[PDB]
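Right, one structure below, let's go through it.
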Amino acid sequence: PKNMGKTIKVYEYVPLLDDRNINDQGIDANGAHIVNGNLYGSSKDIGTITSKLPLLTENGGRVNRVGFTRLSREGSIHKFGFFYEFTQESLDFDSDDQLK
Amino acid sequence: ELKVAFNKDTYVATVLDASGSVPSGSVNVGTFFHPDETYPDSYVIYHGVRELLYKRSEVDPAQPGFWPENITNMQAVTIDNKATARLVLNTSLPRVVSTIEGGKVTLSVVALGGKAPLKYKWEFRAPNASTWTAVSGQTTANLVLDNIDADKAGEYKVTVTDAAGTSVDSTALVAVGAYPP
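Keeping their order, the protein sequence lines are chains I and J.
Residues in the first sequence are numbered consecutively from 52, following the entry's author numbering.
Residues in the second sequence are numbered consecutively from 3, following the entry's author numbering.
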């Protein structure tokens with residue numbers, strides 16, 4: 052859009068289970084605070100999945116809390132352009148009637 | 003400073019360097035900065051030569067004049083650049099780069115112009131400080147930080163100076179988020 056500027060910006064939104072989701076809002080399944088904000092990230096190891104897996108109980112309190120993270124990008128537009136010139140005779144007294 | 007000298011007959015406004023040599027048949031018509039200080043881009047040598055020709059006379063390039071007798075017909079004048087070009091940084095560093103610990107950020111710059119020997123030097127400012135620390139090693143056009151940690155975040159600046167001393171500068175902020183230590 053015009054009157055906005057010359058650069059653009061967006062909002063990349065990381066998923067909950069991603070190693071880039073680096074946040075401090077995290078409560079482990081036992082209700083204690085944990086350093087990692089996500090659940091387990093992009094890990095594959097089955098041990099680290101069966102642990103930190105969100106498990107609720109009959110009396111569920113603040114025992115599973117996760118955070119989120121937002122990133123950004125940018126890109127600027129640049130001006131390009133060339134041109135050419137021609138005289139009147141070069142169009143009138145020319146073999147081609149379609150030179151233009 | 004670009005010294006322009008204009009010829010009466012061939013209509014050739016040779017834009018030599020500041021310490022140049024006005025050719026035969028040409029007369030000095032003025033001097034302007036190509037990297038114009040207040041507006042670096044959006045101004046081109048073609049614009050500098052025009053305003054200098056807007057104070058001359060059509061009858062004689064010397065003995066300056068104005069609008070009724072100035073040389074406004076820029077179509078007939080040929081600008082034969084014989085001076086060193088700007089040190090245009092074609093691709094500057096990304097303004098902000100986001101990475102996680104263990105990643106890798108390869109900062110890059112491409113320079114075109116100036117004298118033949120181009121010198122590349124990088125600099126690093128602490129993420130909260132004000133003085134610019136000097137990055138050891140480097141001396142290249144692409145800095146590669148590998149296994150980047152939370153200590154290496156901050157602002158990285160490169161300064162490309164040629165054999166003359168016309169340095170162009172570009173900065174980049176590297177924010178590497180991580181769990182707190």
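Cβ coordinates follow ideal geometry from the N, Cα and C atoms, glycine included.
Listed by chain order, chain J residues near residue i by CB distance under 8 Å
i: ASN89(I); result: Neighbours of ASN89(I) on chain J: none; closest Cβ ~11 Å, over 8 Å.
Beta carbon proximity, residue i to chain J, threshold 8 Å
i: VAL61(I); result: no
i: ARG113(I); result: no
i: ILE97(I); result: no
i: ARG71(I); result: yes
i: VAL65(I); result: no
i: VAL86(I); result: yes
i: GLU125(I); result: yes
i: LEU68(I); result: no
Chain I residues whose Cβ lies nearer than 8 Å to that of residue i
i: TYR41(J); result: Residues of chain I passing the Cβ test: none, with the nearest at roughly 14 Å.
Within chain I, the residues that residue i reaches when beta carbons sit closer than 7 Å
i: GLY179(J); result: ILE73
Chain B contact for residue i (CB, 8 Å cutoff)
i: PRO105(I); result: Protein chains I and J are contained in the structure displayed, whereas chain B is not.
Where the region 96 to 119 of chain J meets chain I: residues whose CB sits under 7 Å from a CB there: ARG97, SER100, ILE102
Continuous alpha helix (DSSP H) assignments of at least 4 residues falling wholly in the region 36 to 75 of chain J: 47 to 55
Cβ pair count under 8 Å reaching 3, the region 151 to 164 of chain J against the region 119 to 126 of chain J: yes
Unbroken stretches of the beta strand (DSSP E), 3 residues or longer, contained in the region 123 to 178 of chain J: 134 to 136, 144 to 148, 156 to 163
The region 115 to 145 of chain I: positions lying closer than 7 Å to chain J by Cβ: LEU122, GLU125
Inter-stretch contact at 8 Å, needing at least 3 Cβ pairs: the region 165 to 174 of chain J / the region 105 to 120 of chain J: yes
Inter-stretch contact (C-beta, 8 Å, three-pair minimum) for the region 71 to 82 of chain J and the region 44 to 62 of chain J: yes
Sufficient close CB pairs (3 or more, under 8 Å) joining the region 5 to 17 of chain J to the region 138 to 149 of chain I: no
Cβ contact check for the region 82 to 94 of chain I and the region 109 to 122 of chain I: 3 or more pairs under 8 Å: yes
Inter-stretch contact at 8 Å, needing at least 3 Cβ pairs: the region 72 to 84 of chain I / the region 54 to 63 of chain I: no
Sequence ranges, beta strand (DSSP E) only - wholly within the region 89 to 120 of chain J, length at least 3: 90 to 93, 98 to 102, 106 to 110, 112 to 114
Sequence ranges, alpha helix (DSSP H) only - wholly within the region 93 to 143 of chain I, length at least 4: 97 to 101, 139 to 143
Given 8 Å, three or more beta-carbon pairs between the region 53 to 63 of chain J and the region 20 to 37 of chain J: yes
The region 83 to 90 of chain J contacting the region 18 to 26 of chain J, beta-carbon criterion three pairs below 8 Å: yes
Whole runs of the beta strand (DSSP E) within the region 52 to 98 of chain I, excluding any shorter than 3 residues: 58 to 60
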